[PDB]
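A single chain comes next, written as structure tokens; it is the form deposited in one PDB entry.
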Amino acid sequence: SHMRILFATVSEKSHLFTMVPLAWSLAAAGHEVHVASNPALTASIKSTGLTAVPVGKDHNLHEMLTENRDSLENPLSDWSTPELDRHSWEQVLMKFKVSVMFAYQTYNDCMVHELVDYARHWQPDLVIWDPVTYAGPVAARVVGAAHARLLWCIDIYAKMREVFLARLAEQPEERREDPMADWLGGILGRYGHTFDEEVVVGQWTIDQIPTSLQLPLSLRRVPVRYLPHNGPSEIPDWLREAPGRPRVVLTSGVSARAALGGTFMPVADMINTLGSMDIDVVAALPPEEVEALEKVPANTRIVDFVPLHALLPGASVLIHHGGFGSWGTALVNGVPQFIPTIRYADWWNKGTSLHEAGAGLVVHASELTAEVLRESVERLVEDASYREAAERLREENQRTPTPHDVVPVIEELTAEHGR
């Protein structure tokens, strides 16, 4: 029966879009769904069809990374390998110290008290939070609401948390320390609530990553099928013409651009390299990257934006940085992926999971050259094992319960864990 459901996300369009199909599935079952983020995300929430709740104030954070011109990858923010074998106690502690200090706090502290305040007014039965939107579980706990993470990610966050807690138990009492406990327990303490480990990983985890590609973890885990949502979308007229040869799709973005930096292969050189091959190229590039081009190859169409969910059917290859929208839309379409990227968020893991399943190829961005690009693209087109592997991953996605199918499960888990 009838629920108030508060979705919470950091002010990233790309994260928001991963949450939209689940939000709509719950709304279509008659529940009230509101989505809360900083004011900067208000317009993006509004164009998803869902009701926006602006909370708190904006952070400086995406005004920072775009006047950066410089890579985000950093040994301390590389969580691509969350194993005990690569993390002494002091290395894991440090990784939490920097990530809490220089990411989670900037993302959440601007809006956490205003979110708690909104939850107090609205009394959601359930909070569903993006995996780094730790303001979400804090707000839920303060009102006794159930809460769950909704994953766009290979779950490096929970796995590194497993590595952390294992090394925490090995230390003597007088040098136990937990940056997540201090920070979030601090905020919860202000409201007369205690910290608990379900505030870091949720009461359960709704997971859009195919099981065969996800890290094994001690979680209550609800698999859900990834349904492409690529933001505001129209079908262009030129999409009717089947290509006559393999279509190769390339996506840069203002977020991809801001993370990879300007030291790696220029996107002009990538277009020139693809422009020499017997392929149909569609490249989606931000406007500043569009004028860095001298000449547009005869085989190439440049666009601002084109919805991948409509373009990728019968595409042969997608080249991207390992963002989820791109990764997922290719996956459900059975398209081999080439992912030249960095150890930021789970992007490396997005690449390496496909590389190891034989469905795509990953390469570090600093090793990308005209010849590596040319040969990777040719292999993914020519060698049928890539398409065949990708097709099997597609089939795994299509066997996963839809958002529609997991609504009852979310309803019961809420009765169980709610107040």
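When you see a residue number, it is the position in the sequence shown, counting from 1. What we label the rigid core is the largest C-alpha set whose atoms superpose within 1.5 Å from one form to the other.
- Per the compared records, residue 365 is resolved in all of the other entries whose models span it, so no third of them omit it.
- For residue 58, the fraction of other compared entries lacking coordinates, among those that model flanking residues, is zero, nowhere near a third.
- The stretch with the higher mean CA B factor, choosing between 319-327 and 258-266, is 258-266.
- Once the C-alpha B-factors are averaged per stretch, 80-88 and 345-353 rank with 80-88 first.
- Taking only the listed residues 136, 172, 131, 334, the entry reports the highest CA temperature factor at 172.
- Going by the entry's values, 252 shows the largest Cα B-factor out of 252, 233, 105, 211.
- When the CA B factors of the chain's modelled residues are split into thirds, the value for residue 221 lands in the middle one.
- Among all modelled residues in its chain, residue 276 ranks in the highest third by Cα B-factor.
- Among the modelled residues of the chain, residue 34 sits in the lowest third by CA temperature factor in this PDB entry.
- Among the modelled residues of its chain, residue 155 has a C-alpha B-factor that falls in the lowest third according to the deposited record.
- Looking at the C-alpha B-factors along this chain, the one for residue 285 belongs to the highest third.
The protein also exists as the form deposited in another entry; that form is not presented, and the subsequent description refers to it.
- Per-residue Cα shift between the shown form and the other one after core alignment stays below 2 Å for all of 371, 367, 382, 67 except 67.
- Relative to this conformation, an increase of 3 Å or more in the Cα-Cα distance between residue 14 and residue 71 is found in that other deposited form.
- Cα of residue 68 to Cα of residue 97: at least 3 Å shorter in that other deposited form than in the shown structure.
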